[PDB]
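Participant: Starting off with a structure, shown below.
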Amino acid sequence: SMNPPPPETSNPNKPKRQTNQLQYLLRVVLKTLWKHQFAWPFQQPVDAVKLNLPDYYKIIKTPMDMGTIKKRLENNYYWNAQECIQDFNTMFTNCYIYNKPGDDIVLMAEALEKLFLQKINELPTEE
Ligand SMILES: CNC(=O)c1cc(C(=O)NC2CC2)cn(Cc2ccccc2)c1=O
């Protein structure tokens, strides 16, 4: 069994910004989801070897996880809030694509996604 390389968190070719919206995505949105009792399956790339999911990266071609998002936010990888919001939505969508409805992992993704939506509902206007 083999895991792919993780999504990149570093790319000096990619233009970067520190916006008040991206500051909110780290300080409020990522912080809120990270501390949740159901965060742990999403805090790092899916380990398809240790979890015995040999088909995971046959089905999920755009992997994303909060470990990667945390590194991207801390290392100012993003140009805008939409890039980071897309990463969160990719993470939730991957969970629903791969897993069965009502599986524990899907209930955990649903709980985190509800909090995500409550926090980005109050994403501040750009300064
Ligand atoms: C993003 N994570 C996953 O998609 C994932 C998939 C499966 C899994 O076995 N999925 C098969 C398709 C049912 C198992 N775990 C561990 C786990 C963690 C928490 C509760 C139950 C299981 C995961 O984290």
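Scheme for the structure tokens: letters A, B, ... for chains in order shown; per-chain residue numbers from 1; ligand numbers from 1 in order shown.
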Neighbouring residues of range 61-77 of chain A were defined as those with any atom within 8 Å, considering only C-alpha atoms; residues of the same chain fewer than 2 positions away were excluded. Please report them as number ranges by chain.
Facilitator: A: 6-11, 14-18, 22, 25-26, 30, 34, 42-46, 57-59, 79, 84, 87-88, 90-91, 94
Participant: Using only C-alpha atoms and all ligand atoms, find each residue with an atom at most 9 Å away from ligand 1 and format the answer as a PyMOL selection string.
Facilitator: chain A and resi 38+40-48+51-53+56+64-65+91-92+94-100+103-109
Participant: Using only C-alpha atoms, find each residue in range 7-102 of chain A having at least one atom no more than 8 Å away from range 118-123 of chain A; report its shortest atom-to-atom pair and that distance in Å (one decimal), rows by chain then rising number, as a Markdown table.
Facilitator:
| residue | atom | partner | partner_atom | distance |
| --- | --- | --- | --- | --- |
| A:21 | CA | A:123 | CA | 6.4 |
| A:24 | CA | A:123 | CA | 7.0 |
| A:25 | CA | A:123 | CA | 8.0 |
| A:28 | CA | A:119 | CA | 7.2 |
| A:29 | CA | A:119 | CA | 5.9 |
Participant: May I have the selected residues written with C-alpha atoms, as an mmCIF file, in the first residue's frame?
Facilitator:
data_model
loop_
_atom_site.group_PDB
_atom_site.id
_atom_site.type_symbol
_atom_site.label_atom_id
_atom_site.label_comp_id
_atom_site.auth_asym_id
_atom_site.auth_seq_id
_atom_site.Cartn_x
_atom_site.Cartn_y
_atom_site.Cartn_z
ATOM 1 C CA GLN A 21 -10.549 37.488 5.689
ATOM 2 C CA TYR A 24 -10.433 35.221 10.269
ATOM 3 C CA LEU A 25 -10.209 31.825 8.471
ATOM 4 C CA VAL A 28 -11.935 31.810 14.004
ATOM 5 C CA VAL A 29 -12.823 29.147 11.372
#
Participant: Residues of chain A in alpha helix (DSSP H) according to DSSP, as a VMD selection string?
Facilitator: chain A and resid 20 to 24 31 to 34 56 to 59 66 to 74 81 to 98 104 to 120
